[PDB]
Amino acid sequence: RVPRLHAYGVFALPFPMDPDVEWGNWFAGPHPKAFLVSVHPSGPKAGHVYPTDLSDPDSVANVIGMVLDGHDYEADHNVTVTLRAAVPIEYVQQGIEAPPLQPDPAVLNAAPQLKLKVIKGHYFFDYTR
Amino acid sequence: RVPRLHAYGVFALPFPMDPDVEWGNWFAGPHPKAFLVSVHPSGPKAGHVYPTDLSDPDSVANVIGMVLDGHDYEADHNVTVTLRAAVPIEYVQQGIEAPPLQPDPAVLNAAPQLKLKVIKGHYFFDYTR
Amino acid sequence: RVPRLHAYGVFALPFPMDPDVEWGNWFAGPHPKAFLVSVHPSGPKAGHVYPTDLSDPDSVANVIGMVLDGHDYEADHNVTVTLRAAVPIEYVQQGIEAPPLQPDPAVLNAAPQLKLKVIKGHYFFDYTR
């Protein structure tokens, strides 16, 4: 379970998971691993979420939150997406080739276009704007 | 009473109603009807609210929230304005010629300039920014 | 203690105070006095806060909140910074040459670039965006 600042508050909603995702590659071992997800605005998988592709500007524009409470595509096709929270930067990795418990420079570098603000070692975000 | 997502939270404040508005045309029958209101920034009616005119860019720029808890100009010249909430899109109609309980395409189409974000069938908004 | 709208909520965090500031000039007499602070993004004093300089665009861009609960550099080198609140405009003065309990025209005039919104006599702000 990824830590987050209780004082800041959390807003989360369930979303259907994109079936075409190799969701199993988006765990870490015993340790928590947060990642960003984007929503498909239109098309056949509209309203389904998938791991944000930082190299695709439309994926970046449609980020909807972070997966902070794990996932289990085989047990449930819905995933809890946190749209607003403050999350320590060490827990967010956007890729399989990204060490756990280490801030991801790809995310930190893309924070402006991701609408992330880093304050006191946390990403602050609210994808309801 | 217009439904809204309790989990998201609500922030609301009373505002004086613009006296020059035919407020009676801004009910629906037995059913709830949310609409956007804008504030007059200056002038003699400064700080008074009126139904947003989607065809007037200055009205759009000065939206201050939605009327979600009804109004009664004859019983009280103040109206409770919700500045931040998440409201199902079916309940918001911006005009007399707009069927109740049907999403209003004029609002949906203007959501970007209105600073509305549609997520899971709700308008999310916060006019304190 | 500066008043603020309880209904709106408050989010605050402690920050180290910039040691090079004449912090004693940032009290008012018996009366409360709120002011904006900015964070140093980088450099030797990174993550330390100092009173925003409205005439420096980089200071304006790095505002992080308001000091609403007083300060005491000699008793504690940390100051509680309110990143999100709604504060009556009479209490915020950004300078020694600014009368207490009087809205500061320098702040009001710079509200757009400060990301302050004035609603019903309060500054609304959220520097987590």
# chains A, B, ... in the order shown; residues from 1 in each chain; ligands from 1

call {"tool": "interface_residues", "arguments": {"of": "chain B", "to": "chain C", "cutoff": "8 Å", "atoms": "only C-alpha atoms", "output": "count of residues only"}}
result
4

call {"tool": "select_by_dssp", "arguments": {"residues": "chain C", "states": "alpha helix (DSSP H)", "output": "list in words"}}
result
residues 57, 58, 59, 60, 61, 105, 106, 107, 108, 109, 111, 112, 113 and 114 of chain C

call {"tool": "write_last_selection", "arguments": {"atoms": "N, CA and C atoms", "output": "compact mmCIF listing (two decimals), in the first residue's frame"}}
result
# COMPACT_ATOMS: atom_id res chain seq x y z
N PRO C 57 9.81 38.18 -10.52
CA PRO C 57 8.89 37.19 -11.09
C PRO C 57 9.18 35.78 -10.65
N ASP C 58 10.43 35.45 -10.35
CA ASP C 58 10.75 34.11 -9.89
C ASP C 58 10.29 33.88 -8.46
N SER C 59 10.33 34.93 -7.63
CA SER C 59 9.73 34.82 -6.30
C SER C 59 8.23 34.60 -6.39
N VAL C 60 7.57 35.37 -7.25
CA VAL C 60 6.14 35.18 -7.46
C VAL C 60 5.85 33.76 -7.96
N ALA C 61 6.68 33.24 -8.86
CA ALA C 61 6.36 31.94 -9.41
C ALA C 61 6.50 30.83 -8.38
N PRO C 105 -3.12 46.86 -1.56
CA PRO C 105 -3.35 46.94 -3.00
C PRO C 105 -2.28 46.25 -3.83
N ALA C 106 -1.05 46.08 -3.32
CA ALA C 106 -0.02 45.40 -4.09
C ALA C 106 -0.38 43.93 -4.27
N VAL C 107 -0.95 43.34 -3.23
CA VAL C 107 -1.36 41.94 -3.32
C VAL C 107 -2.59 41.81 -4.20
N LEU C 108 -3.58 42.67 -4.00
CA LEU C 108 -4.80 42.58 -4.77
C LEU C 108 -4.51 42.74 -6.25
N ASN C 109 -3.64 43.69 -6.59
CA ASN C 109 -3.29 43.95 -7.99
C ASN C 109 -2.50 42.80 -8.61
N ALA C 111 -2.87 39.63 -7.71
CA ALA C 111 -3.56 38.36 -7.45
C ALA C 111 -3.51 37.43 -8.65
N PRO C 112 -3.65 37.89 -9.88
CA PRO C 112 -3.60 36.93 -10.99
C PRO C 112 -2.29 36.17 -11.07
N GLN C 113 -1.16 36.86 -11.02
CA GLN C 113 0.09 36.15 -11.12
C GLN C 113 0.45 35.43 -9.83
N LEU C 114 -0.14 35.84 -8.69
CA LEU C 114 0.01 35.11 -7.43
C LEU C 114 -0.93 33.90 -7.33

call {"tool": "select_by_dssp", "arguments": {"residues": "range 3-81 of chain C", "states": "strand (DSSP E)", "output": "mmCIF file with N, CA, C and O atoms, in the first residue's frame"}}
result
data_model
loop_
_atom_site.group_PDB
_atom_site.id
_atom_site.type_symbol
_atom_site.label_atom_id
_atom_site.label_comp_id
_atom_site.auth_asym_id
_atom_site.auth_seq_id
_atom_site.Cartn_x
_atom_site.Cartn_y
_atom_site.Cartn_z
ATOM 1 N N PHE C 11 -4.889 23.396 4.501
ATOM 2 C CA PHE C 11 -3.778 22.460 4.448
ATOM 3 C C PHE C 11 -2.508 23.240 4.715
ATOM 4 O O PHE C 11 -2.255 24.250 4.056
ATOM 5 N N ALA C 12 -1.724 22.781 5.694
ATOM 6 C CA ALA C 12 -0.516 23.471 6.115
ATOM 7 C C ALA C 12 0.579 22.459 6.384
ATOM 8 O O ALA C 12 0.313 21.295 6.718
ATOM 9 N N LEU C 13 1.810 22.915 6.212
ATOM 10 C CA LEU C 13 3.029 22.151 6.478
ATOM 11 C C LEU C 13 4.108 23.055 7.059
ATOM 12 O O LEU C 13 4.220 24.236 6.678
ATOM 13 N N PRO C 14 4.967 22.514 7.920
ATOM 14 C CA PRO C 14 6.123 23.286 8.385
ATOM 15 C C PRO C 14 7.213 23.334 7.337
ATOM 16 O O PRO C 14 7.432 22.384 6.577
ATOM 17 N N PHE C 15 7.906 24.470 7.295
ATOM 18 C CA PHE C 15 9.037 24.674 6.409
ATOM 19 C C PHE C 15 10.148 25.334 7.211
ATOM 20 O O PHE C 15 9.867 26.127 8.110
ATOM 21 N N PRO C 16 11.404 25.029 6.902
ATOM 22 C CA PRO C 16 12.510 25.791 7.495
ATOM 23 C C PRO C 16 12.506 27.227 7.011
ATOM 24 O O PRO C 16 12.312 27.487 5.826
ATOM 25 N N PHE C 35 1.218 37.047 5.575
ATOM 26 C CA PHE C 35 1.977 37.389 4.377
ATOM 27 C C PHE C 35 2.301 36.133 3.580
ATOM 28 O O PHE C 35 2.281 35.014 4.093
ATOM 29 N N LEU C 36 2.582 36.343 2.305
ATOM 30 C CA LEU C 36 2.958 35.263 1.413
ATOM 31 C C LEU C 36 4.426 34.930 1.594
ATOM 32 O O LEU C 36 5.260 35.810 1.828
ATOM 33 N N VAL C 37 4.749 33.644 1.464
ATOM 34 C CA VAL C 37 6.119 33.179 1.453
ATOM 35 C C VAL C 37 6.328 32.361 0.192
ATOM 36 O O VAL C 37 5.393 31.736 -0.330
ATOM 37 N N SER C 38 7.556 32.405 -0.290
ATOM 38 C CA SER C 38 8.016 31.631 -1.424
ATOM 39 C C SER C 38 9.079 30.678 -0.922
ATOM 40 O O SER C 38 9.726 30.929 0.098
ATOM 41 N N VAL C 39 9.256 29.588 -1.675
ATOM 42 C CA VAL C 39 10.287 28.595 -1.402
ATOM 43 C C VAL C 39 11.415 28.800 -2.396
ATOM 44 O O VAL C 39 11.173 29.173 -3.548
ATOM 45 N N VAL C 49 11.871 28.882 3.156
ATOM 46 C CA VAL C 49 10.846 29.833 2.757
ATOM 47 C C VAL C 49 11.284 31.222 3.189
ATOM 48 O O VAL C 49 12.004 31.397 4.178
ATOM 49 N N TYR C 50 10.829 32.211 2.441
ATOM 50 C CA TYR C 50 11.140 33.608 2.724
ATOM 51 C C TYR C 50 9.956 34.442 2.252
ATOM 52 O O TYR C 50 9.146 33.980 1.437
ATOM 53 N N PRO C 51 9.810 35.671 2.766
ATOM 54 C CA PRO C 51 8.690 36.502 2.310
ATOM 55 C C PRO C 51 8.784 36.796 0.821
ATOM 56 O O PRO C 51 9.818 37.258 0.312
ATOM 57 N N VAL C 63 5.802 31.070 -4.985
ATOM 58 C CA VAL C 63 5.007 31.194 -3.776
ATOM 59 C C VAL C 63 4.551 29.818 -3.351
ATOM 60 O O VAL C 63 4.150 28.992 -4.181
ATOM 61 N N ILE C 64 4.566 29.577 -2.038
ATOM 62 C CA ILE C 64 4.148 28.297 -1.494
ATOM 63 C C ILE C 64 3.019 28.401 -0.480
ATOM 64 O O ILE C 64 2.388 27.388 -0.197
ATOM 65 N N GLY C 65 2.671 29.595 0.006
ATOM 66 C CA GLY C 65 1.522 29.732 0.879
ATOM 67 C C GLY C 65 1.613 31.017 1.680
ATOM 68 O O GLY C 65 2.395 31.914 1.345
ATOM 69 N N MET C 66 0.809 31.071 2.746
ATOM 70 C CA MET C 66 0.769 32.227 3.630
ATOM 71 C C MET C 66 1.131 31.809 5.051
ATOM 72 O O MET C 66 0.816 30.703 5.492
ATOM 73 N N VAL C 67 1.799 32.711 5.748
ATOM 74 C CA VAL C 67 2.051 32.554 7.182
ATOM 75 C C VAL C 67 0.856 33.140 7.927
ATOM 76 O O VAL C 67 0.675 34.363 7.953
ATOM 77 N N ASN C 78 11.483 26.662 12.214
ATOM 78 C CA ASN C 78 10.419 26.253 11.306
ATOM 79 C C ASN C 78 9.220 27.183 11.438
ATOM 80 O O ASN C 78 8.906 27.678 12.526
ATOM 81 N N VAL C 79 8.526 27.401 10.323
ATOM 82 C CA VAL C 79 7.309 28.187 10.332
ATOM 83 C C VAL C 79 6.216 27.380 9.656
ATOM 84 O O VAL C 79 6.461 26.714 8.647
ATOM 85 N N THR C 80 5.028 27.428 10.233
ATOM 86 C CA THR C 80 3.864 26.762 9.673
ATOM 87 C C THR C 80 3.365 27.576 8.487
ATOM 88 O O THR C 80 2.963 28.729 8.659
ATOM 89 N N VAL C 81 3.388 26.961 7.311
ATOM 90 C CA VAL C 81 2.955 27.587 6.060
ATOM 91 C C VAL C 81 1.634 26.958 5.642
ATOM 92 O O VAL C 81 1.530 25.729 5.522
#

call {"tool": "residues_around", "arguments": {"residues": "residue 93 in chain C", "least_positions_apart": "6", "cutoff": "8 Å", "atoms": "only C-alpha atoms", "output": "PDB file with N, CA and C atoms, in the first residue's frame"}}
result
ATOM      1  N   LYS C  33      -1.197  39.388  11.154  1.00  0.00           N
ATOM      2  CA  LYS C  33      -0.671  39.884   9.895  1.00  0.00           C
ATOM      3  C   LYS C  33      -0.252  38.661   9.105  1.00  0.00           C
ATOM      4  N   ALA C  34      -0.976  38.387   8.042  1.00  0.00           N
ATOM      5  CA  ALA C  34      -0.616  37.312   7.131  1.00  0.00           C
ATOM      6  C   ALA C  34       0.279  37.868   6.040  1.00  0.00           C
ATOM      7  N   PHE C  35       1.218  37.047   5.575  1.00  0.00           N
ATOM      8  CA  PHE C  35       1.977  37.389   4.377  1.00  0.00           C
ATOM      9  C   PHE C  35       2.301  36.133   3.580  1.00  0.00           C
ATOM     10  N   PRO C  99      -0.036  49.204   6.073  1.00  0.00           N
ATOM     11  CA  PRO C  99      -0.804  49.299   7.318  1.00  0.00           C
ATOM     12  C   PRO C  99      -1.461  47.978   7.659  1.00  0.00           C
ATOM     13  N   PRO C 100      -1.510  47.591   8.933  1.00  0.00           N
ATOM     14  CA  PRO C 100      -2.317  46.426   9.309  1.00  0.00           C
ATOM     15  C   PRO C 100      -3.812  46.637   9.125  1.00  0.00           C
ATOM     16  N   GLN C 102      -5.789  46.448   6.762  1.00  0.00           N
ATOM     17  CA  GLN C 102      -6.198  47.160   5.571  1.00  0.00           C
ATOM     18  C   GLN C 102      -5.784  46.324   4.367  1.00  0.00           C
ATOM     19  N   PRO C 103      -6.675  46.046   3.412  1.00  0.00           N
ATOM     20  CA  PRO C 103      -6.248  45.251   2.250  1.00  0.00           C
ATOM     21  C   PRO C 103      -5.057  45.914   1.585  1.00  0.00           C
ATOM     22  N   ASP C 104      -4.104  45.085   1.151  1.00  0.00           N
ATOM     23  CA  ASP C 104      -2.877  45.555   0.532  1.00  0.00           C
ATOM     24  C   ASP C 104      -3.086  45.658  -0.974  1.00  0.00           C
ATOM     25  N   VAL C 107      -0.953  43.343  -3.235  1.00  0.00           N
ATOM     26  CA  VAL C 107      -1.363  41.941  -3.319  1.00  0.00           C
ATOM     27  C   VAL C 107      -2.590  41.806  -4.203  1.00  0.00           C
TER      28      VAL C 107
END

call {"tool": "decode", "arguments": {"residues": "range 68-91 of chain A", "atoms": "N, CA and C atoms", "output": "compact mmCIF listing (two decimals), in the first residue's frame"}}
result
# COMPACT_ATOMS: atom_id res chain seq x y z
N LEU A 68 -2.47 3.40 -6.19
CA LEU A 68 -1.82 3.46 -4.87
C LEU A 68 -2.20 2.30 -3.97
N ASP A 69 -3.23 1.52 -4.32
CA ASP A 69 -3.81 0.48 -3.47
C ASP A 69 -3.78 -0.88 -4.17
N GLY A 70 -2.81 -1.04 -5.05
CA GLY A 70 -2.59 -2.29 -5.75
C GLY A 70 -3.67 -2.58 -6.77
N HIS A 71 -3.51 -3.73 -7.43
CA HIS A 71 -4.42 -4.14 -8.48
C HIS A 71 -4.31 -5.65 -8.62
N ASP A 72 -5.29 -6.23 -9.30
CA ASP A 72 -5.41 -7.68 -9.37
C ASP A 72 -6.36 -8.00 -10.52
N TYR A 73 -5.88 -7.87 -11.75
CA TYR A 73 -6.79 -7.99 -12.88
C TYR A 73 -7.55 -9.30 -12.86
N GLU A 74 -6.92 -10.36 -12.35
CA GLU A 74 -7.56 -11.67 -12.37
C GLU A 74 -8.65 -11.77 -11.31
N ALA A 75 -8.49 -11.09 -10.17
CA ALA A 75 -9.50 -11.11 -9.12
C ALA A 75 -10.62 -10.08 -9.33
N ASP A 76 -10.37 -9.02 -10.10
CA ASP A 76 -11.31 -7.92 -10.29
C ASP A 76 -10.81 -7.07 -11.45
N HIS A 77 -11.67 -6.77 -12.43
CA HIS A 77 -11.28 -5.97 -13.58
C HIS A 77 -11.30 -4.47 -13.31
N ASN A 78 -11.68 -4.05 -12.10
CA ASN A 78 -11.64 -2.65 -11.69
C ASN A 78 -10.40 -2.38 -10.84
N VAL A 79 -9.86 -1.17 -10.97
CA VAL A 79 -8.74 -0.75 -10.15
C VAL A 79 -9.10 0.58 -9.50
N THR A 80 -8.74 0.71 -8.24
CA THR A 80 -8.95 1.94 -7.50
C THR A 80 -7.91 2.95 -7.94
N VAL A 81 -8.37 4.06 -8.50
CA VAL A 81 -7.52 5.14 -9.00
C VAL A 81 -7.66 6.33 -8.06
N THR A 82 -6.53 6.81 -7.56
CA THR A 82 -6.50 7.97 -6.69
C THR A 82 -6.29 9.18 -7.59
N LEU A 83 -7.31 10.02 -7.67
CA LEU A 83 -7.24 11.23 -8.52
C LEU A 83 -6.57 12.41 -7.81
N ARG A 84 -6.61 12.47 -6.49
CA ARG A 84 -6.03 13.55 -5.70
C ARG A 84 -5.38 12.96 -4.46
N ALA A 85 -4.10 13.24 -4.27
CA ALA A 85 -3.35 12.82 -3.08
C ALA A 85 -2.00 13.50 -3.11
N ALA A 86 -1.22 13.24 -2.05
CA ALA A 86 0.18 13.64 -1.95
C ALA A 86 0.98 12.39 -1.59
N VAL A 87 1.90 12.01 -2.49
CA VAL A 87 2.56 10.71 -2.45
C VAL A 87 4.07 10.89 -2.44
N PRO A 88 4.80 10.27 -1.52
CA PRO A 88 6.26 10.48 -1.51
C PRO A 88 6.89 10.04 -2.83
N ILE A 89 7.84 10.83 -3.32
CA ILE A 89 8.32 10.60 -4.68
C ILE A 89 9.02 9.25 -4.84
N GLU A 90 9.49 8.64 -3.74
CA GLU A 90 10.22 7.37 -3.84
C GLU A 90 9.35 6.23 -4.34
N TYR A 91 8.02 6.34 -4.25
CA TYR A 91 7.15 5.20 -4.51
C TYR A 91 6.60 5.16 -5.93
